[PDB]
Each structure stands twice: as structure tokens, then as C-alpha cells.
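This report concerns only the one structure given below.
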Amino acid sequence: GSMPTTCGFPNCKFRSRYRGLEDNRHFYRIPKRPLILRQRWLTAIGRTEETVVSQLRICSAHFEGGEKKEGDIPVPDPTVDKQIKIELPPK
Ligand SMILES: [Zn+2]
């Protein structure tokens with residue numbers, strides 16, 4: 001990305017956890033597949049669908065493992081909170 005990316009968390013304690021170097025972490029866009037995963041992604045940020053996706057992005061630091069696939073929802077703190085993940089129906 002060319003623009004200084006700000007994630008859409010109500011309180012990103014991760015880019016603030018760093019001091020001058022946010023690791024330039026992979027800024028994830030909210031998945032659209034599956035749809036229920038996209039829906040779940042809004043839960044982490046406490047946002048709605050008309051209030052998300054456009055500008056809102058998510059730091060890879062909001063994941064236990066830093067990996068977004070198709071069943072991984074962001075969390076406020078993987079080291080404290082409950083990493084929200086889902087079991088996507090196989091095919
Ligand atoms: Zn963040």
C-alpha cells in the first residue's frame with residue numbers, strides 16, 4: 001500500500017504496541033468469502049457492514065499466527081482475548 005494504512009479497530013493496541021515501527025504488517029482487507037466469515041469479521045471491530053470494508057482494514061497482528069485464510073476472524077489481543085475462528089464447511 002502507498003497510503004499510511006489505519007486499521008479499523010476501535011482501539012488498535014497493536015500498532016500502538018510498537019514504537020515507531022509497526023512492522024509494516026500485512027494489512028488485511030475484510031474477506032467476502034465465505035459471507036459468514038465476512039459477517040464475523042465485523043464482530044471483532046464492533047462495526048456494521050455499511051460501516052466497514054471501504055476504508056477499514058485489519059492488521060495481521062490481530063491474528064494468533066498472523067494469518068487470514070477463510071476461517072480466521074481478527075481479535076483485539078490474541079494474547080489476552082479469545083481468537084475468534086470458525087470451521088468453514090469443506091466445499
Ligand atoms: Zn490494528
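By order of appearance in the C-alpha cells: chains A, B, ..., then residues from 1 within every chain, and ligands from 1 in the order shown.
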
So that I can see what lies close to residue 63 in chain A, please list as a PDB file with C-alpha atoms, in the first residue's frame the residues with an atom at most 10 Å from it, counting only C-alpha atoms and leaving out residues fewer than 6 positions away in the same chain.
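This is the output file around-v1.pdb:
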ATOM      1  CA  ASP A  72      -9.947 -16.542  10.883  1.00  0.00           C
ATOM      2  CA  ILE A  73     -11.546 -13.502  12.497  1.00  0.00           C
ATOM      3  CA  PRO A  74      -9.400 -10.674  13.957  1.00  0.00           C
ATOM      4  CA  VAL A  75      -9.156 -10.231  17.722  1.00  0.00           C
ATOM      5  CA  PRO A  76      -8.264  -7.237  19.944  1.00  0.00           C
ATOM      6  CA  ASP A  77      -5.455  -9.168  21.603  1.00  0.00           C
ATOM      7  CA  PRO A  78      -4.702 -12.832  20.715  1.00  0.00           C
ATOM      8  CA  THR A  79      -2.544 -12.907  23.828  1.00  0.00           C
ATOM      9  CA  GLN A  83      -9.103 -15.671  18.989  1.00  0.00           C
ATOM     10  CA  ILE A  84     -12.338 -15.886  17.024  1.00  0.00           C
ATOM     11  CA  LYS A  85     -12.039 -18.622  14.425  1.00  0.00           C
TER      12      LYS A  85
END

Hey, could you make a per-residue contact list for chain A against ligand 1 with 12 Å as the cut-off, showing the nearest pair of atoms and its distance in Å to one decimal, counting only C-alpha atoms and all ligand atoms, sorted by chain and number, as a tab-separated table?
residue	atom	partner	partner_atom_place_in_ligand_line	distance
A:5	CA	ligand 1	1 (Zn)	9.4
A:6	CA	ligand 1	1 (Zn)	7.2
A:7	CA	ligand 1	1 (Zn)	4.7
A:8	CA	ligand 1	1 (Zn)	6.8
A:9	CA	ligand 1	1 (Zn)	5.8
A:10	CA	ligand 1	1 (Zn)	8.8
A:11	CA	ligand 1	1 (Zn)	7.5
A:12	CA	ligand 1	1 (Zn)	4.2
A:13	CA	ligand 1	1 (Zn)	6.8
A:14	CA	ligand 1	1 (Zn)	5.7
A:15	CA	ligand 1	1 (Zn)	5.9
A:16	CA	ligand 1	1 (Zn)	8.6
A:17	CA	ligand 1	1 (Zn)	9.9
A:18	CA	ligand 1	1 (Zn)	11.1
A:22	CA	ligand 1	1 (Zn)	9.5
A:23	CA	ligand 1	1 (Zn)	11.5
A:24	CA	ligand 1	1 (Zn)	11.1
A:25	CA	ligand 1	1 (Zn)	9.3
A:26	CA	ligand 1	1 (Zn)	10.4
A:27	CA	ligand 1	1 (Zn)	8.4
A:28	CA	ligand 1	1 (Zn)	9.7
A:29	CA	ligand 1	1 (Zn)	11.7
A:44	CA	ligand 1	1 (Zn)	11.0
A:45	CA	ligand 1	1 (Zn)	9.9
A:56	CA	ligand 1	1 (Zn)	9.9
A:57	CA	ligand 1	1 (Zn)	7.8
A:58	CA	ligand 1	1 (Zn)	5.4
A:59	CA	ligand 1	1 (Zn)	4.3
A:60	CA	ligand 1	1 (Zn)	7.6
A:61	CA	ligand 1	1 (Zn)	6.7
A:62	CA	ligand 1	1 (Zn)	6.4
A:63	CA	ligand 1	1 (Zn)	10.0
A:66	CA	ligand 1	1 (Zn)	11.6
A:74	CA	ligand 1	1 (Zn)	9.1
A:75	CA	ligand 1	1 (Zn)	9.3
A:76	CA	ligand 1	1 (Zn)	8.1
A:77	CA	ligand 1	1 (Zn)	9.8
A:78	CA	ligand 1	1 (Zn)	12.0

Resulting file, chosen residues, N, CA, C and O atoms, as a compact mmCIF listing (two decimals), in the first residue's frame:
# COMPACT_ATOMS: atom_id res chain seq x y z
N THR A 5 -1.69 3.09 6.19
CA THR A 5 -2.89 2.32 6.45
C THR A 5 -3.26 2.31 7.93
O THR A 5 -2.45 1.96 8.79
N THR A 6 -4.47 2.74 8.22
CA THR A 6 -5.01 2.68 9.56
C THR A 6 -6.08 1.60 9.65
O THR A 6 -7.07 1.63 8.90
N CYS A 7 -5.88 0.63 10.53
CA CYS A 7 -6.84 -0.44 10.71
C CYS A 7 -8.09 0.09 11.41
O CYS A 7 -8.06 1.12 12.09
N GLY A 8 -9.18 -0.63 11.22
CA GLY A 8 -10.48 -0.13 11.61
C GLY A 8 -10.92 -0.63 12.97
O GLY A 8 -12.11 -0.70 13.25
N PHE A 9 -9.96 -0.99 13.80
CA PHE A 9 -10.25 -1.42 15.15
C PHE A 9 -10.58 -0.20 16.01
O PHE A 9 -9.97 0.86 15.84
N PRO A 10 -11.56 -0.33 16.92
CA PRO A 10 -11.93 0.76 17.83
C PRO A 10 -10.74 1.23 18.66
O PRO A 10 -10.64 2.39 19.05
N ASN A 11 -9.85 0.30 18.91
CA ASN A 11 -8.61 0.57 19.61
C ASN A 11 -7.55 -0.42 19.18
O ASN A 11 -7.46 -1.53 19.72
N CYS A 12 -6.76 -0.05 18.18
CA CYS A 12 -5.65 -0.88 17.76
C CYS A 12 -4.51 -0.75 18.76
O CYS A 12 -3.74 0.21 18.72
N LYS A 13 -4.43 -1.71 19.65
CA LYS A 13 -3.41 -1.72 20.68
C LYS A 13 -2.14 -2.40 20.17
O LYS A 13 -1.20 -2.62 20.92
N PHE A 14 -2.12 -2.71 18.88
CA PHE A 14 -1.00 -3.44 18.30
C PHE A 14 -0.03 -2.52 17.58
O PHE A 14 1.18 -2.63 17.76
N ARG A 15 -0.55 -1.59 16.79
CA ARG A 15 0.32 -0.62 16.13
C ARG A 15 0.79 0.42 17.15
O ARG A 15 1.74 1.16 16.91
N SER A 16 0.10 0.47 18.29
CA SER A 16 0.50 1.31 19.40
C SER A 16 1.43 0.53 20.33
O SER A 16 2.16 1.12 21.13
N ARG A 17 1.38 -0.80 20.23
CA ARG A 17 2.26 -1.68 21.00
C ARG A 17 3.69 -1.52 20.51
O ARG A 17 4.65 -1.77 21.24
N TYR A 18 3.81 -1.10 19.26
CA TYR A 18 5.11 -0.87 18.64
C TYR A 18 5.50 0.60 18.80
O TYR A 18 4.65 1.46 19.03
N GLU A 22 5.73 -0.23 12.99
CA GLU A 22 4.53 -1.06 13.08
C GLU A 22 4.72 -2.37 12.32
O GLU A 22 3.75 -3.05 11.98
N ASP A 23 5.98 -2.70 12.03
CA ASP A 23 6.36 -3.93 11.32
C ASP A 23 5.94 -3.89 9.85
O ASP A 23 6.34 -4.74 9.06
N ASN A 24 5.18 -2.86 9.48
CA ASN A 24 4.59 -2.76 8.15
C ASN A 24 3.81 -4.04 7.85
O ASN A 24 3.89 -4.60 6.76
N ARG A 25 3.07 -4.48 8.87
CA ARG A 25 2.34 -5.74 8.83
C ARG A 25 1.35 -5.78 7.67
O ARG A 25 0.86 -4.74 7.22
N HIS A 26 1.08 -6.98 7.18
CA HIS A 26 0.14 -7.18 6.08
C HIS A 26 -1.24 -6.69 6.48
O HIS A 26 -1.91 -7.32 7.31
N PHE A 27 -1.67 -5.59 5.91
CA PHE A 27 -2.98 -5.04 6.22
C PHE A 27 -4.05 -5.79 5.47
O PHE A 27 -4.16 -5.70 4.24
N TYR A 28 -4.82 -6.56 6.21
CA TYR A 28 -5.83 -7.42 5.63
C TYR A 28 -7.09 -6.65 5.28
O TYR A 28 -7.54 -5.79 6.05
N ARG A 29 -7.63 -6.93 4.12
CA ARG A 29 -8.95 -6.46 3.77
C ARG A 29 -9.97 -7.48 4.24
O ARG A 29 -9.69 -8.68 4.24
N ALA A 44 -15.50 -8.40 15.51
CA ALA A 44 -14.25 -8.07 16.19
C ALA A 44 -14.08 -6.56 16.35
O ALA A 44 -13.50 -6.09 17.33
N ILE A 45 -14.58 -5.82 15.38
CA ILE A 45 -14.43 -4.38 15.37
C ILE A 45 -15.68 -3.69 15.89
O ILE A 45 -15.72 -2.47 16.03
N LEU A 56 -11.88 0.54 6.16
CA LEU A 56 -11.50 -0.34 7.26
C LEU A 56 -10.59 -1.47 6.80
O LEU A 56 -10.89 -2.18 5.83
N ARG A 57 -9.48 -1.62 7.50
CA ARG A 57 -8.53 -2.69 7.26
C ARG A 57 -8.19 -3.33 8.59
O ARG A 57 -8.55 -2.78 9.63
N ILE A 58 -7.51 -4.46 8.58
CA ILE A 58 -7.14 -5.12 9.82
C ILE A 58 -5.67 -5.55 9.79
O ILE A 58 -5.23 -6.22 8.86
N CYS A 59 -4.92 -5.15 10.82
CA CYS A 59 -3.55 -5.59 10.98
C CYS A 59 -3.49 -7.11 11.11
O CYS A 59 -4.36 -7.73 11.72
N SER A 60 -2.43 -7.71 10.56
CA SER A 60 -2.22 -9.14 10.69
C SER A 60 -1.84 -9.49 12.13
O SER A 60 -1.79 -10.66 12.51
N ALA A 61 -1.60 -8.45 12.92
CA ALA A 61 -1.24 -8.61 14.32
C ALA A 61 -2.46 -8.95 15.16
O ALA A 61 -2.33 -9.31 16.33
N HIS A 62 -3.64 -8.86 14.56
CA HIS A 62 -4.88 -9.16 15.26
C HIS A 62 -5.25 -10.63 15.10
O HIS A 62 -6.40 -11.02 15.31
N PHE A 63 -4.28 -11.44 14.71
CA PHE A 63 -4.50 -12.87 14.50
C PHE A 63 -3.45 -13.69 15.23
O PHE A 63 -2.26 -13.37 15.18
N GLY A 66 -1.02 -14.56 12.75
CA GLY A 66 -0.89 -13.51 11.75
C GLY A 66 -1.37 -13.93 10.38
O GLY A 66 -0.97 -13.35 9.37
N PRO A 74 -10.36 -11.45 13.17
CA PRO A 74 -9.40 -10.67 13.96
C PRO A 74 -9.82 -10.58 15.42
O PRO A 74 -11.00 -10.68 15.74
N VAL A 75 -8.86 -10.42 16.31
CA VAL A 75 -9.16 -10.23 17.72
C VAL A 75 -8.40 -9.02 18.26
O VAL A 75 -7.39 -8.60 17.68
N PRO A 76 -8.89 -8.43 19.36
CA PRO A 76 -8.26 -7.24 19.94
C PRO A 76 -6.87 -7.53 20.48
O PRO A 76 -5.96 -6.71 20.37
N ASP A 77 -6.72 -8.72 21.04
CA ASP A 77 -5.45 -9.17 21.60
C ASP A 77 -5.44 -10.69 21.68
O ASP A 77 -6.04 -11.26 22.58
N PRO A 78 -4.78 -11.36 20.73
CA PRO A 78 -4.70 -12.83 20.72
C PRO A 78 -4.02 -13.39 21.96
O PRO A 78 -4.19 -14.55 22.32

(request) Determine which residues of range 4-89 of chain A DSSP labels as helix (DSSP H, G or I) from the backbone of this structure, then write them out as a list in words. (result) residues 35, 36, 37, 38, 39, 40, 41, 42, 43, 44, 45, 49, 50, 51, 60, 61 and 62 of chain A
